[PDB]
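> fold the following.
(chains A, B, C, D, E, F, G, H, I, J, K, L, M and N, ligands or ions: 8)
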Amino acid sequence: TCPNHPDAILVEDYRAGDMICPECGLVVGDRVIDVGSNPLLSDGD
Amino acid sequence: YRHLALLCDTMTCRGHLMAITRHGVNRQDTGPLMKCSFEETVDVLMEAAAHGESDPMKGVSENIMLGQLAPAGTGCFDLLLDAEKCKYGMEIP
Amino acid sequence: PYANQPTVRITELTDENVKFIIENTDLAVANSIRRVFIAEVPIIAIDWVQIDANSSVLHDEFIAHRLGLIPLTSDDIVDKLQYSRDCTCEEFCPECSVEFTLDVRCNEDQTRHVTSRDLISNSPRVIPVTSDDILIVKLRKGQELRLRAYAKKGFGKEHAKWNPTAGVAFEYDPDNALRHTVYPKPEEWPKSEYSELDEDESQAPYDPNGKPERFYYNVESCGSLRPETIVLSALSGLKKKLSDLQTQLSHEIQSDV
Amino acid sequence: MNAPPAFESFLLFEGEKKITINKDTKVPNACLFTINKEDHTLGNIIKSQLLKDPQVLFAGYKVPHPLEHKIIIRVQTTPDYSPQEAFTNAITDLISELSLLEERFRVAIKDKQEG
Amino acid sequence: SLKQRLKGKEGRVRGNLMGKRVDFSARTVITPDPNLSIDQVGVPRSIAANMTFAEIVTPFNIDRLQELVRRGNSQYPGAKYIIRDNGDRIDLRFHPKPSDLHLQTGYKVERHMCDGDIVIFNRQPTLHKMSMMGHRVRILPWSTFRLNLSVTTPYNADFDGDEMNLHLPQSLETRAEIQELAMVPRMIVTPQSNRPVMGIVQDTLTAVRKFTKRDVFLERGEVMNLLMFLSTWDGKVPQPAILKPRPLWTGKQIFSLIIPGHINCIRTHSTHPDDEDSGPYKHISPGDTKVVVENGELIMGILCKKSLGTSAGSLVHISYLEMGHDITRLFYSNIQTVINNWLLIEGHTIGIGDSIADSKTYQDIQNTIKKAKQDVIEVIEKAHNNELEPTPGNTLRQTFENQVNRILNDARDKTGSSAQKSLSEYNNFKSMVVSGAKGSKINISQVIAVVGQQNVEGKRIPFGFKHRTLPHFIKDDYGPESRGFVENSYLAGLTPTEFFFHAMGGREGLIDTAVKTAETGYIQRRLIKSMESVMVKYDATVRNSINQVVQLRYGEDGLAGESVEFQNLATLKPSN
Amino acid sequence: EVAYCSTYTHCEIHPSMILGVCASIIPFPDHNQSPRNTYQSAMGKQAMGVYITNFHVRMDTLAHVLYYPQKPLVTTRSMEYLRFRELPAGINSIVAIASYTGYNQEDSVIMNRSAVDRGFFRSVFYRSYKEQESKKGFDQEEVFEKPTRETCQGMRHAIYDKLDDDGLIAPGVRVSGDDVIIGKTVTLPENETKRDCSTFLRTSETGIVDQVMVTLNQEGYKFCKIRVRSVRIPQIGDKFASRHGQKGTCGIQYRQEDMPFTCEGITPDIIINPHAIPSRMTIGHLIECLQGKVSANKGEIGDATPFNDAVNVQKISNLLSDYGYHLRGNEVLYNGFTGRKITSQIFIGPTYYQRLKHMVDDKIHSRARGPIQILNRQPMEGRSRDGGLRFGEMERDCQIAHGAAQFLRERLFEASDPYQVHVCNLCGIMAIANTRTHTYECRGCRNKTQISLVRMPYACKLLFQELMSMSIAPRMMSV
Amino acid sequence: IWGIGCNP
Amino acid sequence: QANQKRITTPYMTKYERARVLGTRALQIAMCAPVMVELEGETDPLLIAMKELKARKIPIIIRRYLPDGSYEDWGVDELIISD
Amino acid sequence: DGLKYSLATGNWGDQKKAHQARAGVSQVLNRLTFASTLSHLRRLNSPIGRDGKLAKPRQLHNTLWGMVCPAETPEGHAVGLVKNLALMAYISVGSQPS
Amino acid sequence: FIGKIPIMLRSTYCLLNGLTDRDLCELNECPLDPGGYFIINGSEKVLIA
Amino acid sequence: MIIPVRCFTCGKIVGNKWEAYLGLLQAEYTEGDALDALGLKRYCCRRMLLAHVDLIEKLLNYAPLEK
Amino acid sequence: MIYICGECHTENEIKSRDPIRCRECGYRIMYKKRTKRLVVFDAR
Amino acid sequence: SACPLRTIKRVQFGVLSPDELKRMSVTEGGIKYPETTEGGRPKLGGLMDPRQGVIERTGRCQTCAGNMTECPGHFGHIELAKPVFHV
RNA sequence: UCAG
Ligand SMILES: CO[C@@H]1[C@H](O)[C@H](n2cnc3c(=O)nc(N)[nH]c32)O[C@H]1COP(=O)(O)OP(=O)(O)OP(=O)(O)O
Ligand SMILES: [Mg+2]
Ligand SMILES: [Zn+2]
Ligand SMILES: [Zn+2]
Ligand SMILES: [Zn+2]
Ligand SMILES: [Zn+2]
Ligand SMILES: [Zn+2]
Ligand SMILES: [Zn+2]
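Numbers count the residues shown, from 1 in each chain, chains lettered A, B, ... in the order given. Ligands and ions are numbered 1, 2, ... in the order given. See the structure here:
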């Protein structure tokens, strides 16, 4: 969602954890990876 | 001798021997957050809440916790801009 | 204010050793010659290896390392060869390199010793000092090693694979007379092979006027270069370094003024 | 991972000067020479030959850091002599010594073989 | 539970608020570097490339920052990011439009860490204030932090796998704070003991003792080379001490050029004879002791740990007190460089020749041990006959142990003194002990003469088995060998029973180290917590956070601890 | 003899059997200080060597194997039963105990770079990565395949070209840091396509794939183990130790021309500081150097059993005197740079040195604006997670002593967890705040006008909210 | 390791 | 407080010097006018040091006494600790 | 599963009950070097808690002559609490007293 | 069948017991390997006494 | 694992001498006599042959991964 | 996509989502074969 | 952002009033549902309330447009049927 | 389980 680039696919990054417009390099979302973080048996308990 | 004398003066300042322990240090009437950082923690906070204690925010640890500039050195004073001196001198840029 | 005129006597000259005495020279010049023997005499050795198949127990970079350390005859071709950086062609060409190829498979039950004799060079002059053999790897039955390698000119300052010498022996003042080393107990120390003293006297009497001179050398070769040729090439290479310095210094002197 | 390449010790990178001559303000008739991508080999010979010259008052060489590759040579000469002249003359004398040594070593080789 | 989260260490109160993990910090192994100055630290290029310091674009620095932006992350002196006025961050790694690369005043370019960037260097545990000091950065081409050897003493760090933490200040304000309060030259002198923290150490101390001997004479070329490594040299060669027959300088004459400015100091060498001061030759010292520096020139004396070490009145301490912190930094660095380049000419070593002593000395040591064992036997026989009389306040067992230990200790010390007599001038163990660089007289004694009595829990080796120390000894054996006396030296080699008893003693040492670390850590934390907020107010009263007056003036005289020095009153002692 | 005991009932087979497996490799243990033998027992466990002869078959995480192990020149008799000769861990190295350039000071070591070039103390590091294709999920299947950026909605920008069709990188392909070793895809339930689940190489591994194996594990799912090989040439951070408790890193590496040389041309492979020996009193190191010189010349492996009484320093010295060297092992050395004889004669001899597992490449970490933790929104912890170093409480106390209040503030607030909250002026409790809507309101007061922005660490916000959940009200009032 | 008054 | 009856030390404390130089340097980096003529000095901190030597830094230090009063010392008025 | 669990986890007991479980048994074998493998196999672990700093269980005892190595102990918080058998030491397997 | 018991390697009940060194090589097991460890869930575990 | 080419300290080629050393040892030469006969004179070179452990034979005992 | 087999050392091509079992031996431990692309090794 | 930046000069500690807890909590009527998931993911009046805080790192909580960073979280209340001593 |  790069403001200057309507419908631009933002490349994910691992080094700082942000999605960056590949044609201009703008960092959209600063630190928005963080850490990013049995259903089979039974059900909700 | 300055460093020995300061410890002895802090232990005997109140008039009763203040042990350097949770009991002696926490009994003194410092701020609740500062007491919280040393040993007792949650119990100190609960007692302070019950009695409506207010933290003066004059301590170093209390200001460190809240992210404010500590009252330690380089924080004791507040710098102000001097307009008259700004006008004077050669303002090259 | 001028250079001393040195002299040379060659006491021993064999296929793998040269012993000579340089006289009427400064210590700094003699030590720098010794240093150039080790680090600035060019030789051809393997620096590029592409391994097609390696079933041996040793991994691929192990084989590459051992191949690099194998000495290659560089007696006369090394002067003709150019450094790979100097050559205009991309990567390696016959003017800037020598191509070695090795293909060995063990089909017999007996263990096959892959030796330097199995290294095959496209250029006849450069051969792995074979004319036993250096063991590259041992192969069990059903194990195969096939690789292609190129050899480049270089000197020992880059890598020890390009070190022409085995051991350069440098000694001056064999009987301690300038007292450069002060023995706590003079008697215990073994006498030098070059010492001229009688058995009774351990050290020569101190000579305050004397300065280091008559340096003794013993240069041993790996077989990459003739031991005489190591010494001659070192003298020539040090002379070339000084001449390049002189050219650049003249440029700087003229440019500043 | 941070290891420098081996060729960096003797190869001048582009835009690097082999010799740079900077005068020394502290003392008269003194120049400080900086040689790049060189080691004790060249520095010791040059300093020794400079010390042999009667008009050279000071001559020393210094490697500022072993991990870096640079020689700093300080030469101070008497008035009526220039430090740059002393450096050039030192190099010529060393070249003459080395050429004479090569000739005599070749003669010794030829005499040892078949003689 | 909530209380469980807050209460414990690593909880929000302490593990996440009082201390916390931080950005812009790096850690790697430390290795030595004599060539770096005191304040410089050698940072690897990868660590330098990851860490970035944001620089505001000004009209003055727009060109330099533009070049850094053009270089990008790949080339080392590059910029990782561009921060615009709007706060938008343009990561240069992913392709930025050529329009974005253009810079205007107010943009903040995040350049890679460059030479000269002030950082804070830390080694855990951070016991005292000198364990975090501000260092200038010098980028060198390998992957270890490289610090000068003198700076090891404040950090209590050696290069045997140690590691240190590098924190880069990210603002000009905090960078100025470090530069003007926490740099290494500013903290040479500790307020704790009003002594210098850092002193010449290891090779440079050992070699400065040898350099400063009367014997050392340097020829012209060696003087040239030594003066080359002196950073503050005036360019004027000192007139040689011996003009004829051959011009020959002296070690003290060159060291006088290292000494900063005009510093006056009188100290005594470690081997100074006590009778020398009273007797003649007090000023013309026969052994070249009694270091005297007048007008910043070393008139006489042999330098050692006392003159150049971390003690009050040292030459380094007088330099900091008189010349200032910058000149003292240069003093430390020049001592190291010049002396370490002379040590290439002289050299140092430790070998077996140093451990071995004369045959007469070995016989004397053996005779002392024989008569000591006989004395212990006589004490034992007196005890068995009950002739021994108890010392007041002690049981007969305690007084027997006292007398036996006294005999064995006197024998041990006498053998040690015989060994120390045997040492020659050339002996390198003695060189290191005399200079103070490493070792002690005790170590020499144990190496050469006698390891000594092995004590555990303050007593001789106890009777672990029933009434005997080891199964090889007979029951009820209070003799010297049975209870742990190690007659052999390390060079001679311990007999098996002595090996086991020595292992018992060494185990006690190891246990004591491990226990002391934890207990001392707790004490130190409690002291800091009790006194953290006390500070000198602008009234110059010392007050806590509550503003209660702890002291009306700091230290009762209102002076700081680093400036003060030891002095004698001289009116007190004399008679009327 | 003179009667001590005439009733011995048993006799020891040999006193050296009191030592254990790791202490039995120490030569001349009785000539060392006790703490130093204890330290060597721990260092010998961390040395590098061929751990087992079937190491090629095994796929173990963190396996180091030395290129050219050598058996000790000075060995104990009990080492034979420990099989140390069969699988040695270390290389005999010509060691000089000298002060050369100041880079061997403290415990560091000057190493010969030319020797390092010729194979000296070179090792291989194998790291194995395991992945399991788990189909246990009800609608989740972790299939092995090469993820495609267009096909997989979840993906990463690291290199995926290396992966073959099976999703496993082929052996013999170089892998740099942040490359995809194994590519795995979890099919995504379409609650209303793909969350990437590949495994990435540890940063700075920089190895070549050695073996790739595909099997079925105990659970029957497809199991893949990939082993990556990295050669490790010794550097100026690596830790080397002898058998006598002397550990130290590599201070610097000098080429053969620069190292000091004897008259024979022998240059030390390792130079250790003379200052290590005296305080530590590891005389066994010196006796091992002397016996190693004698052994190398004689051609027989020396005997260093702890308690012998037939091997003395004097006997070793006389033996060395026979072979043409100084009896105490000292040798006249020449300075490599200038060629002048060093005035002191340096103690040179062969000594078994080991290479410890601790290497600088594995221990170097740098952090700058990396990922943050979920709970505290603070920097992560650990080199693997790109974590920042902790600024502990002792560190903050040192900074308080310094008087550097603003560095303390940056380090403890701005560098770690900066955050902003909105706090009601009338009541200290935090207030709801919609920045995009620009309407800021406080519940409990029905007051919108009186709200103030407060900058506090996120950990402090979490602490205050955890106090609130305990019914404690931390009312922070700006007034 | 020395004596009773020294170190272990 | 009044300008008269100033009881604090005339000498500038070390902490005041650190904070004044850092603050003035940050101002200079933000394109604030520089009173002292710069002899080719581009680094903001070095320019701030030059200004401090010339006593032309336009900052007045407000020193808080423990009783709550404040004394305002201009940077010029304070004697530099150096 | 009981045997496999107690071996893999290192907790000596049952899965449901960890109150009486003793941790530290069944460690992963060290394979850095053959010496490390051998020493790991011949290792003794004293049950005294590491946290307690009382020094009596840590000191080398006279009765460890020939049974336990005097030198080989971990240096750190477990000095003297982890011990290695001597070379000739042999622990008894056990027999009936009948 | 009442369960399965983990088997310490090179004990009497292991497959490797009483195998000549050549046979151990044929099974890709080292002749010098000491034994004395359990292979539980694919990792070698050692019971510390 | 295999005899190193080029003795570490000096650089003499020692890799061609391992099989000859073993053969001389079979011929009942003492280890010192064998080293003398092979021409290894400096103790640095003799350390290489004397202390070498040839593990590559033990590794060759295992069957090849691919036949 | 050619896997060498541990037990009998015979290469067997295996398609995607196909059981990992070597024909002619039945062993379930396969090794991927060495890549065709070649890596330059510096002999250094 | 319009609110002025202020630094805390005093922290007042006190027991939270039950009436104040009722008013302050965004959840109304209390947490009626032990289950955290309704309509698949979100359970209004449950433990995981969209109004209480931001979920899934991409959603916005109902009370404010947090986007997982701006929102500090908002408290909820459970009305205990019978009072319970605070430990 | 190691590293200080
Ligand atoms: C010198 O003191 C240091 C420090 O105090 C720091 N340190 C180390 N371990 C710990 C620990 O567990 N807890 C805390 N808090 N600090 C610790 O390490 C101490 C020494 O230990 P060592 O005695 O082994 O140093 P060698 O004498 O052994 O040095 P060689 O010759 O090997 O290089
Ligand atoms: Mg250390
Ligand atoms: Zn864009
Ligand atoms: Zn070409
Ligand atoms: Zn409100
Ligand atoms: Zn050799
Ligand atoms: Zn098959
Ligand atoms: Zn919200």
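> element containing residue C:100?
strand C:98-105 (DSSP states H and E).
> got the contact list for that strand?
C:44, C:46, C:72, C:77, C:81, C:92, C:112, C:114, C:118-123, C:126, C:136, C:139, C:143-151 (Cβ atoms under 8 Å, 6 or more residues apart in numbering or on different chains). For the C-beta atoms, the positions are set from N, CA and C on the backbone; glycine is no exception.
> excluding chain neighbours, what is closest to the closest residue to ligand 6 within chain G?
Closest contact between chain G and ligand 6, by Cβ to the ion, is at residue G:1 (40.5 Å). Of all residues not flanking residue G:1 in the chain, residue E:505 sits nearest, at 4.2 Å (Cβ to Cβ, 6 or more residues apart in numbering or on different chains).
> what does residue E:526 give?
In space, residue E:526 is closest to residue B:20, 4.9 Å off (Cβ to Cβ, 6+ apart).
> helix, strand or coil for the nearest residue to residue E:60 once chain neighbours are set aside?
Among residues not flanking residue E:60 along the chain, residue H:42 sits closest, at 4.5 Å (Cβ to Cβ, 6+ apart). The three-state label given to residue H:42 by DSSP: H, G, I helix; E, B strand; the rest coil is coil.
> ok, and the closest non-adjacent residue to residue F:298?
In space, and not counting its chain neighbours, residue F:298 is closest to residue K:32: 5.6 Å by Cβ to Cβ, 6+ apart.
> contact partners for that neighbour?
F:297-300.
> you'd agree residue C:194 is up against residue C:171?
Yes - distance between residue C:194 and residue C:171: 6.6 Å, which falls inside the contact criterion (Cβ atoms under 8 Å).
> find residues that contact each of these two.
In contact with both residue C:194 and residue C:171: residue C:216, using Cβ under 8 Å, 6+ apart.
> ok, those two, which is more surrounded?
Comparing residue C:194 with residue C:171 by other Cβ atoms under 10 Å in any protein chain shown, the one with more neighbours is residue C:171, at 20 against 16.
> my guess is the more buried one meets residue C:195, correct?
No - using Cβ under 8 Å as the test, residue C:171 is too far from residue C:195 to be in contact (10.0 Å).
> which residues does the closest residue to chain K within chain I contact?
Closest contact between chain I and chain K, by Cβ to the nearest Cβ, is at residue I:34 (11.7 Å). By Cβ under 8 Å, 6+ apart, the residues touching residue I:34 are F:49-52, F:82-84, F:87, F:89, J:32.
> swap in residue F:84?
Listed by Cβ under 8 Å, 6+ apart, the contact set of residue F:84 reads F:25, F:71-72, F:75, I:34-35.
> now the helices for chain D?
Here chain D has its helices, by DSSP state H, at D:40-52, D:83-112.
> kindly provide the distance from the residue positioned nearest the centre of chain M to residue F:468.
In chain M, the centroid-proximal residue (Cα atoms, centre = their mean) is residue M:75; its distance is 2.2 Å. From residue M:75 across to residue F:468, the span is 6 Å (Cβ to Cβ, to the nearest Å).
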